[PDB]
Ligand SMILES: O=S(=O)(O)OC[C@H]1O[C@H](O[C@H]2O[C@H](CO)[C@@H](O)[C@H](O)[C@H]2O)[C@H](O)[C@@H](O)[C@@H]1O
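In structure tokens, the next block holds one chain alone, the form deposited without the named molecule.
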């Protein structure tokens, strides 16, 4: 029911922009380290932010250190780890903290399963854990069940399924909450939110943006509550270029 997005906003309208990274601004790759945001796209994002009072943020499951490397040389407001890390327009960073005993126990628990399963990868993000299986989709059900058991045993932790990944995150952390935190701060406050994303974590952002009277954009295939849809990452690129140079 999402409608194909074909119109680009005017460069100097009253929008606040939120972009997911993987699968939205950058093409999907077999490995996260092979992902690149083309420099021309980064320039377009920087120019779009500059014409909108700096109201543009990257909202991603990646850590903020990884976002800064992907966005180099540009420094944007960020939400990393689905919002458990955040950096506002003034550079102030906000980090969700888990008890050290929880981080220590869960990591040791997860390690035992993932050492024995080739193709799976345990990624520790400080306040979250990501179970990757892009190279071994047959282990999805086992990783999902493990993450479900962990998130049921530790009430501080919540489940976040995604593309080729099952993530364990702090309870209450989600991309709708990240966008909410920005939308009450300058320069995002008073503007109309626009959020472009591609995965299940982005549906939380689509919901708050729809409720806000903003513009929600799904990239790629799949059911969504986004109001609008772009077919692929190059369609995001062309949309971004049309905003800057209509």
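Numbering follows the first chain given and starts at 1.
One more form of this protein, solved in complex with the named molecule, exists but is not displayed; see below.
Of the candidate stretches 150-158, 96-104, 122-130, 136-144, only 122-130 contains residues with a heavy atom within 4.5 Å of the named molecule in the deposited bound form. In the deposited bound form, residue 169 stays away from the named molecule, with no heavy atom inside 4.5 Å. Taking non-hydrogen atoms only, residue 30 approaches the named molecule to within 4.5 angstroms in the deposited bound form. In the deposited bound form, the named molecule sits within 4.5 Å of a heavy atom of residue 21. The closest heavy atom approach of residue 216 to the named molecule in the deposited bound form falls outside 4.5 Å.
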